[PDB]
Amino acid sequence: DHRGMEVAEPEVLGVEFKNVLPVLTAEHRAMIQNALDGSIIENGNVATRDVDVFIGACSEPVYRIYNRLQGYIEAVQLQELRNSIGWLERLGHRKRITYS
Amino acid sequence: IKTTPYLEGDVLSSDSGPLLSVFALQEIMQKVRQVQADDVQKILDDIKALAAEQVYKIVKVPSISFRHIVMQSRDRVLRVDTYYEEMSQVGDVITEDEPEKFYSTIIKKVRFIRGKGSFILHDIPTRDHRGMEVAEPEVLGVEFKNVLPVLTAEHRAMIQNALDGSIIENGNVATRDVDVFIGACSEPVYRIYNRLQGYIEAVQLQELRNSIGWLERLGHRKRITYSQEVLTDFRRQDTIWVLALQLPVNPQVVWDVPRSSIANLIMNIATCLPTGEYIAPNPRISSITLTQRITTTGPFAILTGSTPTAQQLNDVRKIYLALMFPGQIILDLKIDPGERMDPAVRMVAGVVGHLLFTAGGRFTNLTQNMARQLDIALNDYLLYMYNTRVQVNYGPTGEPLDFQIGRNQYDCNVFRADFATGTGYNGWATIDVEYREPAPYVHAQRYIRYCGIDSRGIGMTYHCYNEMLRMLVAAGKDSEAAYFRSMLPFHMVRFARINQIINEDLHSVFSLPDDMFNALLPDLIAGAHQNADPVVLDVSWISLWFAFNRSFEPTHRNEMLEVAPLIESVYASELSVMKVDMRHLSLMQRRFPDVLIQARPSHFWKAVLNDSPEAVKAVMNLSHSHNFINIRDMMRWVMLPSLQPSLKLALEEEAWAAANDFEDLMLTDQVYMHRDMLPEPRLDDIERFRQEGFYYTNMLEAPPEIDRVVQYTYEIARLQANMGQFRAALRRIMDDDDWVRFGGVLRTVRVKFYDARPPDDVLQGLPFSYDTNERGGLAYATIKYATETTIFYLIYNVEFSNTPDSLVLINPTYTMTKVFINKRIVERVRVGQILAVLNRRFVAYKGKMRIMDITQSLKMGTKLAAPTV
């Protein structure tokens, strides 16, 4: 936390800039620190649930798969889960199986 | 009265065990602990302690507000107000990025000033002098014991005359009631004392009359014995009444708190639910031989004659607990994936559950899944041809109980669960909830009548049980039909006792309001809970059968049943006080956006809940652990107008008004830095320097000029620290002989006294911390803009062995921190003006007068008080 606003720690974002820090001059280092200070965290609603949203760095092919996985997560929550649970209940009903 | 024996592993026992009021709390706490998985007496006595609350204290002598310090001189002394001395250490260190600590410190300071400001004088010491009555010096708010052994005869006589002049203006008046004398007292506590007094002289006889009337109306419903006496309106000439609490508590105050359903349920079950004992339909069955208990074959024959284990008694207790609370406790089945059982027990449990429980129509006691499992078990039992065979016709659909059985075609589809109409259970074709006449609690006026029976047991039946018997007879299950028929009186007695307990004992403000009670079932059908959350308890299969046979006998009533209204009023008043405190915090955030770091409703709630009665803290923590809260709920709650008037509320408002000026709270932003010289005076004449009383401190008696001072800000300081030029900039500005103001945030201030040279860390202390020696390679240099600052006073002690130039140092020594508070916390006062502090007016009672609290007298409502006319 900082000034009442949550700020992401320097390890969550996908960069490895710590090795070049010891040689950097003071005035560029201050700009780097200010850029770190700008990593504030907002809120967003997903599947009627609030989640933390922030900006980072990632490669395009990995980001594509990450976005696809996220979209699948939102897509499933609509109808598929309820139908699957209902079918499981019916199967337990027929096969004399009692589930918790 | 003792329970029927139960088996403990291999030995029979009949101990009652823990009280039902204690068992329930443990189960609820265990379920809550299971919620956040990813001591009961300690709480029960904590609620019980709320019946002996006090918010004032009768004191013999007021606390001393001033004291004097000797500086090795007899001409003048220092006058120190101990109010700020005690005030500076109330809170902890205030940081620049922890609002929770800041608000908690503010709340603790307000509570401390309220507690210090409330006191009542009973009987002051006094002494006669020359025919006049003079109060003794001990009752005064100043102490000067060490002052006397140094003053001369002239000043001693002067101060003796000053003491002897403290005459009680009405002392010579005969047969008087109270006495008044002039005294000295700090303004912040004098305001609270005056407010308490002003509340005192306001007579409230009508309030007591109304409270007694409401107590009688409550005792009407609680079946309290009627005392032969009728209360009279009298006032003794030697008594003064005080009434801290008003009895007719408003239910909106307690039911407006968000996510308070679990809290209210726990409080109600702690304060009203009585203990009991369990009895089998036939006594002393442990004495009879097993052969007389097992007579035939079938699932019921196997079930009959078996003795319950000790563990299953707990599940029976859970089932009964759910029985007393219809819509707040719900059952579910415990199924272990790696367990098994004789199917006869499942069959019997399925048969019993339909008669034992209710579901649909108005309310439910069991979840939809449990209803489905019970229906499946009943279906399996009905298609169990263990003794005889009958024809059956199956239905087109595959749903359970969709068939016709017996020579006479009986439709079993009516026994399938349906929460819309409740055909399959005790809610079938019967009405159980009704309204008769206004209740003592306006929020809850409903009546509960299980099976339609009322107290205002042979032959009474109900539709569901008759249909059960008809279907059992049609299905050819003749053997168990007689067993069920013989059980009716026991069943009806048990349910009559349950209705009696529900309608008569569990009535309180914590009972669920009618609207939310009616809204539970549609909410459960919808699936998305709103404004109410039930709690689910888990039971086993055999528990249903063992509960169907064991009754509940209320051997003892709840011990705390007599004192429910007092704790109810205390809880409501505490909630109102918390709401008012949070509103004041919101106003404080509104007034000062430029000096207060930030605002957050969640931090407000956490800070106000941090300092609270422990029982309330634990109950609210459990309630908010079960269900979560958000900012919207806090915003909705901080605006509702409902409040519960009391002495606590008035005292809190007066304390807030007195503490509006934050300088009284020992918080100051006027912290300055300037290089100053530590004085070293000449010692040409030791006695001449001694008699003038020299002393030094970092205090500023006047603010510096508007110019020559630079105004610093947290953002500017942070930027300079990140540049690394902070130290150089401050060094240059101090070499420029200019002042600097470290404003923008409140800092904790402490007071210290010294006679020798103070420790270096104090004299050379800094208002901030700046560290530049680190190998972290991150955050660069860390700056802490807000740190603790200390007030120090120095008293110079000189001995005759000191040379005139003994205090001259080779090189100058500097001091940095200065601060202005605009209040004379420490004064240099001559001996002639010591007694001028006595300016406040005090009023006290006499020994003949007796003061007592009427609240303890309205312990229970047993006395009628004349016709209302």
# chains A, B, ... in the order shown; residues from 1 in each chain; ligands from 1
$ select_by_dssp --residues "range 34-83 of chain A" --states "helix (DSSP H, G or I)" --output "count of residues only"
25
$ interface_residues --of "chain B" --to "chain A" --cutoff "9 Å" --atoms "only C-alpha atoms" --output "PyMOL selection string"
chain B and resi 96-99+333-337+373+376+597-600+719+722-724+777-780
$ closest_residue --among "B:647, B:791, B:285, B:28" --to "residue 671 in chain B" --atoms "only C-alpha atoms"
B:791
$ residues_around --residues "residue 742 in chain B" --least-positions-apart "2" --cutoff "9 Å" --atoms "only C-alpha atoms" --output "PyMOL selection string"
chain B and resi 669-673+711-714+740+744-745+767+785
$ atom_distance --atom1 "CA of residue 303 in chain B" --atom2 "CA of residue 411 in chain B"
27.6 Å
$ closest_residue --among "A:83, A:8, A:73, A:64" --to "residue 35 in chain A" --atoms "only C-alpha atoms"
A:8
$ select_by_dssp --residues "range 756-802 of chain B" --states "strand (DSSP E or B)" --output "ChimeraX atom specification"
/B:769-771,782-784,789-795
$ write_last_selection --atoms "C-alpha atoms" --output "PDB file, in the first residue's frame"
ATOM      1  CA  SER B 769      14.268   9.642   9.085  1.00  0.00           C
ATOM      2  CA  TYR B 770      16.491   9.609   5.986  1.00  0.00           C
ATOM      3  CA  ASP B 771      18.749   6.595   5.404  1.00  0.00           C
ATOM      4  CA  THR B 782      13.945   5.678   2.261  1.00  0.00           C
ATOM      5  CA  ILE B 783      12.218   8.748   3.734  1.00  0.00           C
ATOM      6  CA  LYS B 784       9.749   8.709   6.634  1.00  0.00           C
ATOM      7  CA  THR B 789       8.494  14.387  18.198  1.00  0.00           C
ATOM      8  CA  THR B 790       9.273  15.122  21.835  1.00  0.00           C
ATOM      9  CA  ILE B 791       8.785  18.122  24.123  1.00  0.00           C
ATOM     10  CA  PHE B 792      11.599  18.552  26.642  1.00  0.00           C
ATOM     11  CA  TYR B 793      12.086  21.024  29.487  1.00  0.00           C
ATOM     12  CA  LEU B 794      15.500  21.652  31.034  1.00  0.00           C
ATOM     13  CA  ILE B 795      16.146  22.788  34.610  1.00  0.00           C
TER      14      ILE B 795
END
$ atom_distance --atom1 "CA of residue 661 in chain B" --atom2 "CA of residue 611 in chain B"
21.7 Å
$ residues_around --residues "range 54-60 of chain A" --least-positions-apart "6" --cutoff "10 Å" --atoms "only C-alpha atoms" --output "list in words"
residues 7, 8, 12, 13, 14, 15, 39, 40, 41, 42, 43, 44 and 66 of chain A
$ residues_around --residues "residue 634 in chain B" --least-positions-apart "2" --cutoff "10 Å" --atoms "only C-alpha atoms" --output "JSON list (two decimals) with N, CA, C and O atoms, in the first residue's frame"
[["chain", "number", "residue", "atom", "x", "y", "z"],
["B", 257, "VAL", "N", -28.14, -3.17, 11.09],
["B", 257, "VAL", "CA", -26.72, -3.48, 10.86],
["B", 257, "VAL", "C", -26.62, -4.51, 9.74],
["B", 257, "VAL", "O", -27.26, -5.57, 9.81],
["B", 258, "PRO", "N", -25.83, -4.25, 8.69],
["B", 258, "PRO", "CA", -25.71, -5.23, 7.60],
["B", 258, "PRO", "C", -25.02, -6.50, 8.06],
["B", 258, "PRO", "O", -24.12, -6.48, 8.90],
["B", 579, "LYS", "N", -22.19, 4.13, 15.39],
["B", 579, "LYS", "CA", -22.66, 4.86, 14.21],
["B", 579, "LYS", "C", -22.34, 6.34, 14.32],
["B", 579, "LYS", "O", -21.89, 6.96, 13.34],
["B", 582, "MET", "N", -18.63, 6.94, 13.74],
["B", 582, "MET", "CA", -18.26, 6.87, 12.33],
["B", 582, "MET", "C", -18.74, 8.09, 11.56],
["B", 582, "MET", "O", -18.04, 8.58, 10.66],
["B", 601, "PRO", "N", -14.02, 4.06, 4.23],
["B", 601, "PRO", "CA", -15.06, 3.57, 5.15],
["B", 601, "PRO", "C", -14.70, 2.27, 5.86],
["B", 601, "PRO", "O", -15.05, 2.09, 7.03],
["B", 602, "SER", "N", -14.01, 1.36, 5.17],
["B", 602, "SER", "CA", -13.62, 0.10, 5.80],
["B", 602, "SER", "C", -12.66, 0.35, 6.95],
["B", 602, "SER", "O", -12.77, -0.29, 8.01],
["B", 604, "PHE", "N", -12.59, 3.09, 8.70],
["B", 604, "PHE", "CA", -13.44, 3.66, 9.74],
["B", 604, "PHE", "C", -14.09, 2.56, 10.56],
["B", 604, "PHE", "O", -14.07, 2.59, 11.80],
["B", 605, "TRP", "N", -14.70, 1.59, 9.88],
["B", 605, "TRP", "CA", -15.39, 0.51, 10.59],
["B", 605, "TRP", "C", -14.43, -0.31, 11.43],
["B", 605, "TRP", "O", -14.73, -0.65, 12.58],
["B", 629, "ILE", "N", -18.74, -7.95, 3.77],
["B", 629, "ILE", "CA", -19.33, -6.62, 3.69],
["B", 629, "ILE", "C", -18.58, -5.82, 2.63],
["B", 629, "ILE", "O", -17.49, -6.18, 2.20],
["B", 630, "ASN", "N", -19.18, -4.70, 2.23],
["B", 630, "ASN", "CA", -18.61, -3.84, 1.20],
["B", 630, "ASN", "C", -18.83, -2.38, 1.58],
["B", 630, "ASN", "O", -19.45, -2.07, 2.60],
["B", 631, "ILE", "N", -18.32, -1.48, 0.74],
["B", 631, "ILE", "CA", -18.43, -0.05, 1.00],
["B", 631, "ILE", "C", -19.88, 0.40, 0.91],
["B", 631, "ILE", "O", -20.32, 1.30, 1.65],
["B", 632, "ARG", "N", -20.65, -0.20, 0.00],
["B", 632, "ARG", "CA", -22.05, 0.21, -0.18],
["B", 632, "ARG", "C", -22.85, -0.02, 1.10],
["B", 632, "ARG", "O", -23.69, 0.81, 1.47],
["B", 636, "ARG", "N", -24.76, 2.86, 3.24],
["B", 636, "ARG", "CA", -26.18, 2.76, 3.57],
["B", 636, "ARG", "C", -26.41, 2.84, 5.07],
["B", 636, "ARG", "O", -27.37, 3.47, 5.53],
["B", 637, "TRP", "N", -25.53, 2.21, 5.86],
["B", 637, "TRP", "CA", -25.73, 2.15, 7.30],
["B", 637, "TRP", "C", -25.42, 3.47, 7.99],
["B", 637, "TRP", "O", -26.07, 3.81, 8.99],
["B", 638, "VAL", "N", -24.45, 4.24, 7.49],
["B", 638, "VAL", "CA", -24.06, 5.48, 8.15],
["B", 638, "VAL", "C", -25.07, 6.61, 7.96],
["B", 638, "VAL", "O", -24.86, 7.70, 8.50],
["B", 639, "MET", "N", -26.15, 6.38, 7.22],
["B", 639, "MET", "CA", -27.12, 7.42, 6.93],
["B", 639, "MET", "C", -28.50, 7.16, 7.51],
["B", 639, "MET", "O", -29.36, 8.06, 7.44]]
